Amino acid sequence: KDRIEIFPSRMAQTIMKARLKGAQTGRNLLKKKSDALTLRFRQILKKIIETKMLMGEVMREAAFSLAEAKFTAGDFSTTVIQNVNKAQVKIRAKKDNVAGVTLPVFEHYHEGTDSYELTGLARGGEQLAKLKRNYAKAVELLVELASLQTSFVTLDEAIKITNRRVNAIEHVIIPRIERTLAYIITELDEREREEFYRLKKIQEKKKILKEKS
Amino acid sequence: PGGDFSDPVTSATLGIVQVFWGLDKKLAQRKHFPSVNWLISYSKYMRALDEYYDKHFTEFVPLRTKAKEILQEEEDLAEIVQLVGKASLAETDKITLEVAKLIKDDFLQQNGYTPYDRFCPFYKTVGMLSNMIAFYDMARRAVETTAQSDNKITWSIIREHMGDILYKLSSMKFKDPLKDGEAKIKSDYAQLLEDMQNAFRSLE
Amino acid sequence: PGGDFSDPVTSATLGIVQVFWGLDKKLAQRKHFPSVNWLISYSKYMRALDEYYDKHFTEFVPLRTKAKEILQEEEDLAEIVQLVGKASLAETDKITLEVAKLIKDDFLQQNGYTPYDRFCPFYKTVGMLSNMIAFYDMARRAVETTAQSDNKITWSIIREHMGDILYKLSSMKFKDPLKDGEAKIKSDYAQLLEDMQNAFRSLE
Amino acid sequence: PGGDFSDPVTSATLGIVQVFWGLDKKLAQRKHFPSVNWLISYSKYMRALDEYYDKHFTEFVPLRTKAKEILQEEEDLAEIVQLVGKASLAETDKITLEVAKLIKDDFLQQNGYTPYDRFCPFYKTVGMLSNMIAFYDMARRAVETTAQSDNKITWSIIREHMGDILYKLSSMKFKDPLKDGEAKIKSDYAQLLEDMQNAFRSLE
Amino acid sequence: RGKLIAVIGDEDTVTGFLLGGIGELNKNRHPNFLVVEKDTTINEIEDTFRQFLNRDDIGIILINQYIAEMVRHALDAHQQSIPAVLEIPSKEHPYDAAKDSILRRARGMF
Ligand SMILES: Nc1ncnc2c1ncn2[C@@H]1O[C@H](COP(=O)(O)OP(=O)(O)O)[C@@H](O)[C@H]1O
């Protein structure tokens, strides 16, 4: 509403002033935390763009380098798509604190259970070896970029929540407290003007009696 | 007249008296007794009492000073932990909070309707405060010196190691000055001090 | 003076009278008439009229208590929506808000300078309230019995399914008590109920 | 009290007076002198000085309206540059945010502890404002004509094609009104105008 | 450990990522891939992506960019974080900064 339900008195005035000061210090705390998260967001965006560009050029490298190692082992398409026992890249979740928020990122626990060991010892050697080296490094780099994107998303939503809280404390709460402070000042000023009138009446009656008697 | 600090009687009185023991309504609502504010109360005799303490209890004034500093730092941190929520806090802030809670719950808080906490002699008071402040100093030093070394010490691997030293402190207020005595209680407190010293020497 | 209900005459009268119809300027500026507050008003004759309503209308006190509860829950929802937005809300709260808005805009509001709303008999009042609480019950039951299921009939489904029914629920107030009569009004209100019930069978 | 225009005296005097030069302390701490706010100040005598200006300084009122527009636009473009990252800047807005700063630093700022800036006659004032707003106009048209022409001009080319024109603009406020006459300063400003026009045609 | 990477590319890309070392079969013999050519339709694409998401062990879903070009509706509706989803370029069409769902939230900051 336009005011807080309280009764005008010189005790309600200090209570309301305490409330106002507390609210407008909390506002500054939240306004600092939001800009911390915002700086982190603007950094994550830039380095995500750079990692995107570099992994894209790496992907084009791998695209033009696939054919030469393909030319040395026949056609292992059925071999690769039907024979898959156990992938040896794994991923786990870890946290990273930023101003109280817990961004989730990824840890790359490197497992080893290599099934692709036959791989034509005499039909495809260094070619396929460097090929899987390339693509494993690419897998790890894109793991890094995925962790960056996960951070990005959680940070982006927490920024919105904190800005909503700041705007609420700034547009809804503090104006209401200030309104119910101005009202209390007015009402105390109004209580004083009645005691003044009563005392002036008493004095007037005194100075009427003493003179007519 | 409702709780106003500017009642004409209360404002006329505060200009004359030298000691003011204040009333905390929030403490009387949570049933913490005696409900002394300890942040608006004052005494103007703490400089005329100096040569009495410097002759009878020569180690009390530093304990009083440090206790008051701890109780103010806790109030500074409280309205921060309220908004953000104690996630990102230095370990020294954790120790400040968890020693201030001890001081509040076990030293300042007293029960007059019990046969041991009805009248607490001053040797009991000084002993309790001395042991609590000694623990504070030891914990803070431990966490402060091994700050960037290996095996970073924290408040959590202190509450693990010494969990029963943190219980003889939270139960110093149950000794009785008429079933026990002066030398008995003093011996107990000295033994507890040696215990916590040994624990802080072993852990660190 | 000033719209302040804390002036001497209002304070003197409110301790004398048994009914209190308190008007609001916020509702008067939007031309929401009559501008009764419905949150500060009261009547101390609500228990003395139980016999009359039981003997004559007999289906009204339930409707009244239900409508009062809806209007009271909406104001708890609104002061939260004002600070954290309308996204933290369950589906039953999204139903309470819309039903309370329907009640406020098409039951409590009554433009008295029109040929249809200059006077509203009590049978028309109970009929409108019946048809407005039946929808509340049906919608809440539908959103609640298929909650854990994967079909999840929510308020937006109910709203895009029945956009032909909500308009009739809002236009229930345009029925002349004089040009239409009692029988035609009662029949139309009994037909809108069947329309509602069939439309609510349609989405299950 | 504390810069609060609600005291009865301040409210009355602002209700009465027609001009209000708002001196600010914030601008004084930045060494911006004369520290007039230019955003809360006003003057309601601008329609009485219309025969005077139109008879003596005919080409002034348009420059006044333009300068006020520019100084307001540089200010209500504040969150656009903070809540966004200075990059989503339409070339019109780059031109603004630069020429408005040119005005703030070389027209609105005056230094009395000099031999040339104690007194600024009005012919010098209208000359210094006409050259600046003429620049603004030409540099803004040069951009918004080649909007889609494969020869996109931005402030980066404008600031390199005219690197001495901009200095001479920022050096207009050193022409002494006593050691240099009035015809001399008029001819200097006209020469600067024609050089601006040339160096803007040698860019298209 | 607790989560595995997962692919949706083509035969050449899934074999490239098996060479990298990813590609796994469910205990139901379901793969971490669904190869797409001139054969299958987009309803299969979208319910495959749906069962990719709802599967509560997948953390990093790679999808070639030219695959996601018509199922942008399926992945734009994705708004959570941990089911990470990266669109990948290749020689047919390299990386395009326009049709990204993670540069979706960078409006203005460019
Ligand atoms: N129930 C109503 N229906 C239509 N108009 C109304 C209604 N109540 C008030 N008004 C309008 O609002 C104005 C309120 O005036 P009035 O009833 O005299 O209030 P007051 O006596 O408090 O001044 C009227 O002029 C009327 O036009």
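These protein sequences, in sequence, are chains G, A, C, B and N. Quick note: the first sequence uses the deposited numbering, first residue 4, plus one each step. Quick note: the second sequence uses the deposited numbering, first residue 413, plus one each step. Quick note: the third sequence uses the deposited numbering, first residue 413, plus one each step. Quick note: the fourth sequence uses the deposited numbering, first residue 413, plus one each step. Quick note: the fifth sequence uses the deposited numbering, first residue 4, plus one each step. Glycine included, C-beta positions come from ideal geometry on N, C-alpha and C.
Please classify residue i: is it buried, with 16 or more other beta-carbons within 10 angstroms of its beta-carbon, or exposed?
i: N543/A; result: buried
i: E486/B; result: buried
i: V429/C; result: exposed
i: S154/G; result: buried
i: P92/N; result: buried
i: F44/G; result: buried
i: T122/G; result: buried
i: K467/A; result: exposed
i: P533/B; result: exposed
i: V421/C; result: exposed
i: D15/N; result: buried
Quick check on DSSP: helix, strand or coil for residue i?
i: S455/A; result: strand
i: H81/N; result: coil
i: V448/C; result: strand
i: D466/B; result: helix
i: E110/G; result: strand
i: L514/A; result: helix
i: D99/G; result: strand
i: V92/G; result: strand
i: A171/G; result: helix
i: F432/C; result: strand
i: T105/G; result: strand
i: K6/N; result: strand
i: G524/B; result: coil
i: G26/N; result: coil
i: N46/N; result: helix
i: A87/N; result: strand
i: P474/A; result: helix
i: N610/C; result: helix
i: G539/B; result: helix
i: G62/N; result: strand
i: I11/N; result: strand
i: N31/G; result: helix
Any heavy atom of ligand 1 closer than 6 Å to the beta-carbon of residue i?
i: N449/C; result: no
i: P413/B; result: no
i: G434/A; result: no
i: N46/N; result: no
i: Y525/C; result: yes
i: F417/C; result: no
i: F586/C; result: no
i: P420/B; result: no
i: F445/C; result: yes
Could you tell me how far apart the beta carbons of residue i and residue j are, in whole angstroms, since I believe they sit closer than 8 Å?
i: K580/A; j: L615/A; result: With a Cβ gap of about 16 Å, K580/A and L615/A do not count as contacting.
i: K93/G; j: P107/G; result: Going by Cβ atoms, the distance from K93/G to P107/G rounds to 16 Å, so no, they are not a contact pair.
i: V538/C; j: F469/C; result: 6 Å
i: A551/C; j: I570/C; result: 6 Å
i: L483/A; j: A512/A; result: 6 Å
i: residue 228/G; j: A499/A; result: A question about residue 228/G goes unanswered here, because the residues of chain G that appear run from 4 up to 216.
i: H444/A; j: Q494/A; result: Contact doesn't hold; Cβ gap of about 19 Å is too wide.
i: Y112/G; j: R4/N; result: 5 Å
i: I515/A; j: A479/A; result: 6 Å
i: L48/G; j: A87/N; result: Their Cβ separation, rounded to whole angstroms, is 16 Å, which puts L48/G and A87/N out of contact at 8 Å.
What residues in the stretch 493-516 of chain B have a beta carbon less than 8 Å from any beta carbon of chain N? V496, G497, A499, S500
Got a sec: which bits of the stretch 6-30 of chain G sit with their beta carbon under 7 Å from any beta carbon on chain N, in order along the chain? none
Closer than 8 Å, Cβ to any Cβ of chain A: which residues of the stretch 147-173 of chain G, in chain order? none
Of all the residues that make up the stretch 417-451 of chain A, which are near chain G by a beta-carbon distance shorter than 7 Å? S418
Of the residues that make up the stretch 29-56 of chain G, which ones have a beta carbon closer than 8 Å to any beta carbon in chain A? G29, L32, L33, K36
What are the residues in the stretch 83-96 of chain N lying within 7 Å of chain G by C-beta distance? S84, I85, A87, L89, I91, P92, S93, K94
Short of 8 Å Cβ to Cβ, which residues in the stretch 10-24 of chain N face chain G? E14, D15, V17, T18, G19, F20, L21, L22, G23, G24
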